[PDB]
Structure formats: C-alpha cells, structure tokens
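Okay, so we've got a single protein chain in two different forms coming up as structure tokens, structure 1 first and structure 2 after it.
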Structure 1
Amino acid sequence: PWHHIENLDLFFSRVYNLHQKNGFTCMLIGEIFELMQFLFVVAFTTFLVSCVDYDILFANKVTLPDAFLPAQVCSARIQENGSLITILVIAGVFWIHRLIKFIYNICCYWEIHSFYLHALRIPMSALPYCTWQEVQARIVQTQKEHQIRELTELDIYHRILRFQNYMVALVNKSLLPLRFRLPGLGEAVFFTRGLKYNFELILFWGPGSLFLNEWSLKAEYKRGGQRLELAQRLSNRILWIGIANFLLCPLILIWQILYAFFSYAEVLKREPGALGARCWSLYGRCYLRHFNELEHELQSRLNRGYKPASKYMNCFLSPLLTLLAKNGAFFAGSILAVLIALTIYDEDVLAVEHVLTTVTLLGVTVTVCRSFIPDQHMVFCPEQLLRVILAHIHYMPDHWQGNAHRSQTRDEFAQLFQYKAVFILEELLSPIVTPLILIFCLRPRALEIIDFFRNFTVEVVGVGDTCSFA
C-alpha cells in the first residue's frame, strides 16, 4: 500500500485490529455473526411474543409445530401492535445502519489485508501464529519501501491508543463521576460499558466536539482566561446527548433484558457457580491500565492475576452468608432426598402435579447453596498473596501493604474485581442510570474537564496532540 496515506490513526488501528481478530476471513465470519446474533435475538423474541399460541402448548398427542401460527397469520398478528412495529422499525433502522457500516469495513480491511500480503509478506495462515512484535517490526523497518521519517516504535503506540490515554487520566483524576453513595450499600462504583461509550461521544466524536479531526484538537481549548463561555458549550452539550440517552432509554432497556435471558438463563440451571465467579470490572480495566499499553498487553496481566485474585476473594466469605447457605442446603436437600428416594421406589410420583418442577427448583437451590459454601479444607492462604497479585496487576491503593485481612481491603478490591452477576446487574441498570449521571453528575464537572484539556495536552511533532501523562 501506497504513498502518504491520509489518516495514520485509523490505518494503524485497523492494522492492529486485523491482527487481534486473527485475520481477514476470521474477522469477516466473526462480524457476520454479531449481525446475525442481533438479528436472531430480535426476530426470535418477536416470534415468541406474537406467533406462538401457548394455550395449545400448555393445556390443549400434540406436536411442537402445532403451537406455531401459519405465516399468513404470523405476519398478520404482528401488525396490529403499534408498540411492536415501533420496536421493529427502530431496531430495523439501527440494523441496516449496522449493515452499511459493515460493508464499509470490508472495503477498508481488504486494503489492509493486502498490506500484510504485499507489503509485510505475512499470509493469513501465518497471521494467527505471529505475535504483535512480529507484525510491528514488519511495519517499522520496511518504511524505506512505503512512506506512510524513522517514526519510532513508540509513535505507532500513540496513534493506536490516543483516545485511550485520555480515559486513563480522566479516571485516575476522578474527572468522571464513577462513584456514588447510596443508602444501603455504602460507596458504590459505576462505570459500566455503555457509559464509557458516551464519555468519548461527549469528548472525541463529531464535528461539534473537541478534536476537529481524529489527530488534533481545536485551537479554542488552548487559550486562557479560564473560558466559562467555552466551558458552557460543553455544559449544554451533555444535556442534548443526555436527553438522547433518556429518550432512547426504553429501547436500550428492552435489549439488555433480552440479551441477558438468551445468554445466561440456561447457565443458571446447570452451573450457578459460573455467575458466582468474578471478572475484572471495567473500572478495574481503566485503573490497572498503563500509558501506551495495548489491549492485549492489559489482558496478559489480567489473566495471570486472575488465578490468585479469585481465591483471595474466596477466603473472605461472609460468616452470615455461609451459615445461611449450609442450613438452607440442609432444608432443601432433605426434601429432595425424600423425593429422590420416592421416585426410585415407584417412578409414578412423577406426573403428580408439581413434583418434577420441585426437583428442578430444589436441585438448583441446593446447587446455588453449594457454591456459597466455601471449601471445608480451604487453606486459609496467608493473606499476602496480595503480593502475588501486585506482581501481575501493578497498582495497589497503598493501604493494603499490611492490612490485607480487613474489610477496607476486601471491599475496595471488589470494586476492581467484581462478581460476574454484579456485572450482569450493572448492564441492565445501565440504560436507566446513564442519562441521569450525565445530566446531573457530569455537567457540574465540565469546568474541570475544559481546564484538563488545556493544561494536559502535549503536541509531539510526529503524532500530534497527545495526553501529557502518556
């Protein structure tokens, strides 16, 4: 590929994304699936609402296609529902918008698919078996062939990760709200995934934002006098985008409930210790992140620190919770063992009214409670394995060096390394909470955001306008 390309940020970000998606054809059949996964969840849940007759399926030998309605009625009953057509049109417009954007990506990743072949000499077979240090070093020393002088291996880092080094400095300085006292829990920590998307939509995307192009910001934000007129323009902007989150609040809420039922409700019956496992929260991914550190380099420490940190949390379980788990598993296991031994004896105490759903619900009640009960012979693991976690993730809040066994070291660590089911809970609440905390919580901090981009923005001569901390 060719002489003096127009955008060295969107180019290098797609060179990196092609390597991490393990090739062109793997990313292509990958991103087909999420367009099909959106289309499956919307079309199958619309068929369940309108076109399955449950009176035949519940009460009234019957076959499984006897419940289903014919296609001349399947397409008819769906249309005298003005709410559901309004759901299907706005879902349909968003989907064809996501279909146009995908065809635009195939034309653009094919030009970088040919960058590996014809300029870096790396096939799509050898590409999942290269590291990034392979792919990066091909770009650096072949710059005599393609212009695209002696940049650095560092100046490719500032271009792939320019707008990620701002979210590191906005979280470490608490210029984004991220934490709220509510009565009942204490100090809760927000910053879910749909909230981080808005923070760059306030700050980095569009003509009316900062950053007129993707590599330099406005000249407005470097002049002084503290410019409350310039800080006011950001202040009403969070309104018009925050009102947009409030009007689109009911339709993102429908999507998060549908997606959680289709991807977690069967895992509840089999293995509810899966949802009792923990995962590094998005607040923790922005707290343990370094400056100019790629997305696969963050994960290489967050997989190595997963194994100690998941057993650090297991040796702090609540005495009141374990005690309710052991005696709740006794009372449910005792009526199971009566019903289990009564089914083995005669096998006709099944098909009496509620017995088969009672074994199903008591069997998952016992399965939940066995997850809450820790290991009986759990080595209580002298609680400076926190110096093993500090070797992998490199930031501890400094109160934790000798106080590793308290509750001001256990409750602050669960803000970084939350449950899986709390992560499920914060994604369903996310359409509700996000327009409230942009309007009421982010707008008072607008004068410190505008002053942040004045004082900490350093222009480096090759890359452009970077964060000062990075």
Structure 2
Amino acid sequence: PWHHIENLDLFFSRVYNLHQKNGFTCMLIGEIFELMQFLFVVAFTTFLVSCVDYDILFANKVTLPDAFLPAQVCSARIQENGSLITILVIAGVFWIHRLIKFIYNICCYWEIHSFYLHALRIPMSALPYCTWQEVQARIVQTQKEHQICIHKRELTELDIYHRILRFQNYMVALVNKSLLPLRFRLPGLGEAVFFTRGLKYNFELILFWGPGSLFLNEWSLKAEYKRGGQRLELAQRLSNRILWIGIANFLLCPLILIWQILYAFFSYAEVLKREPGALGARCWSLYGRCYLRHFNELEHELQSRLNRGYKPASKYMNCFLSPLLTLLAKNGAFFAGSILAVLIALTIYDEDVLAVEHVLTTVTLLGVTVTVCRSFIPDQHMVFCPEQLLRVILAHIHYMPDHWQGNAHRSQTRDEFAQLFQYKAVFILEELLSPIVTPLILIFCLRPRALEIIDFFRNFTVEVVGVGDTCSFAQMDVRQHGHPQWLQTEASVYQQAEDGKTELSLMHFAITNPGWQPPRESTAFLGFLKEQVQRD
C-alpha cells in the first residue's frame, strides 16, 4: 500500500492477478502445482525411460516393484546417457530459473496481499465473491488515502486498464492491422491460420520484453523509434534481432518438441481412451481470442463473452454436415448392424456361438463400427437454421467479417468460422507443430515485415500523461482512428481500426465501466449512437 511504489504497471497487474486466482493462498497453491507438474512430467519420463525393466514387466506372480531397478543402479544407468543427461541439465536449469522466479514472485505477492487487507480492506475470504469492478472502485477511492501514482493526478479508472493491458493492446492492434504473419497458403488446403502460444510468446519477446526490445522501461518506448529519420537502420537492426531469436528457436526446437509430446501424451491419451469424441468438441482458437477481443478488455471480460457465445457457435458448426459422409455412415450402420443382429441372435439362441475363432472380436469391432457410424449419422429432426444461429453468435461475440451476414449457410462462411472455432484436436496438433514451425515462420515470414513493424510502432504510439507510452488505438478515439463505414473521423487508410474495433471497443468499455467519464468526442459519439438506436 506504499506511496510512490515502483513501476505501476507491474503493481496493478499483480493486483489483478491476485483477484483472478482467487486469493493469495489459492494463487500460491496454483503456482506450486504448476511447478510440480513440470517436475513430475520430467521425472516420470526419465524413470520410465531409465529405471524400469520392461522385459520382466511384460513376460520374462510378479509384484510391481519386481520391474524397477535399485537406485544404486538407476543413477548409473541414467548417468551413462549423454543425451539424457544433457536434456536433464537443460530441463533442470529451466526449472531452477522457474523456481527462483516463483520465490521472488511470492515475496512480491505478499506485498499485494497486505495491500488488499490493509488499504483496500478486502479479506482473502471475501475475494472470490468480489467483482473486479468493486475491487477497482476500492482502488480508485484508495488513491486518496494510501497515495499511489507517484505525482500526476488521481486515477481515472482507464489508467489501470492501460497499465494492465499495455502490451496486449499492442498485440490486438498488430493482429488487427494484418502485421504479424498468421495466414499461410498450404498446398492441399485453404489458407491456414497458424497462431499458437509459442509464436505469440516469441512475438512479445521480440517486441516488448527483452534485452534490446522496442521498450526500455515497460512504460516508455526507446527514444530512437519516435524519430522519423533513421528508420532504415532501425529496420535492419530489428531484422537482425528477429533473425537471431528465430535461430535460438530453431536450436531449441528438439527440446520444446520433446516437451510438447510428453506433455500431450500425459493428458490427452487418458481423454482419448475415455471419450474419443471429447477431442471433436471445438475451442475458441488463440487466433480468435485475439481477433474477437476489444481493445481495453481484461481477460475475464473476453472469456465471459466467449463462453456466453459458445453453445450458439456449436449449434452453428453442427448444422453443417457433409452428405457423402452422412450417407456412408447410414449405410455402414445398416450393414454392420445387420451382421451384428444376426450374430447376436445366434449368441442369444445357443450361447455357444461364442468362443468360435473370431466371433467375440467380431461382435466388439462391429459394435464399435455401429457406434462410430451412429455418431456420424446426423440427428433426424435437427433444426437447420444458420442465419439465426449466426445472429445470436454475433450478439455474443460482437465482431464478424462482413461477407458472413448474407451467406450464413455457405462453405466459405463455415470454412472461415472454423478459423475462430477450431476442433480441439487441431488445437493439440497445432501446439505440437509449433516447435518445428515457429522458427521458420519467424525467420522467413516476419523479417520482411520489420520495416512495417517499425513504422507501426513509430506511427501508433501515443504518450498519455499519466500512463506513459500506450497504443494509439486503445485510446478509443473515434477521431484519427475511426472507420468511415461504421461511425467524424480524421483517419485515412492505414490509420483506421478495421472491423470497427474503435467504436465497438469504446461502447464495450462505456457499458462495462459505468463510472468512467467519457471525453468530448467519445461522449458525442455514444450519444449519437444511442439516438440512432432508439430512433431506428
């Protein structure tokens, strides 16, 4: 609760994170569990590889520990493996770095916990039931007593938003203006979108937080990037920086590939054996979390919007069925159910139809076949309405390409709605492929864009008095960043928010935070909008 604290972006971010992971104790436990999962994957894997005698386990009454070798021998058997010892040393160094960051993080989170209890007065018991809106209103009222925000002003409830979301507004504006290569033209497929967790991590490590990034403070852009001249040498320097970060990625490829595979296998294989159709359900697509996101939108508001609108979207995606697969399913079900009905009537009649060379395996395989086909057979009496489903999905989601509203029922619309909605299986596949795909996209597809990235960060970076250097769009300025088709805008092409992000983002903010005082242009815009809504 200190006066003139430190970097305020971090303080506010930590406060927000403490509200999200409901309380200090919960958060501490969550982090500890996160550290134990890594160590368990690595140690379980190295135990399975190195200490277990599979031959005795398989064939050659045997108790479980009859397989395991004694530690006095496991240590020697794992030590005489240069590749394994090297992977373990790199894994242990990453782990120790993560454990040290965790200790430092909890030592800094006890300070936020004391902030809550003593200056906000929200006990950790009343924190899960507490409405981040109420939390930040407490903070804004506290700004008087326990002084913060070194010496600029009183907090204005959007400052906190800018502090928590400075780099995320930059990502939103980068992806919104089609920098940052995502679309690819694969042979044998349409234009794929490849945006993963590792790729966005690399983009942020290149642009925002690193040794030689664009930013020096975490709230101020380096002084040269604001200068119009010397843009070409800056572009060359950025290109070399991203080249070498891509090469580090290419060299770390084997280790991250191993991690993604062990790890994929340690959860999704269980789910596969249980319910193989859980991976046929669809998830909201990291590209799509960044596309459908308003500018100053905290994570919980985006996710509330995203799951309010999830079941409409599943009803839409299941409308759409291929006739050929449906017919193949129907008829395979007929023929398999016929042979199975005959074999079942026989095994019921005499009961010795069973234990005939292949009858039992045949019954089981035929049952699996009938079940798969019946899962592919659409439910008769299914209401097919892709227009109203798309209308309600939009009402929850707020952003959609413009060539969707008319032709809701075509393959073009369905095909690029799957850009946003994504079978979970292609998610797991796409997270597996990112170790081997991220370096080459990073080296080849982004380095040509470095001169456009430099011009973005020079052109769209405003200095706001209290917060520092923020994105130019996240101001929610209807002027200078509007879009003439949605709407007064003093914005030409290249200087405009594409899918209506400025207008819809300002509306979403004004609706979610009713306490905020809207500037002149924003107030006039919202008033004219309300007049048009109530009039028309």
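Take the two forms, superpose them, and find the largest set of C-alpha atoms that agree within 1.5 Å; that set is the rigid core. Numbering runs along the sequence of structure 1, starting at 1.
Of the residues 314, 220, 139, 121, the one at the hinge where one rigid part turns against the other between the two structures is 314.
Interdomain rotation between the two structures (smaller rigid part relative to larger, C-alpha based, rounded to whole degrees) is 14°. Core-superposed comparison between the two structures: residue 362 shows a Cα shift of 7.4 Å.
After superposition on the rigid core, the Cα atom of residue 341 is displaced by 9.1 Å between the two structures. On core superposition, residue 206 has its C-alpha offset by 2.2 angstrom between the two structures.
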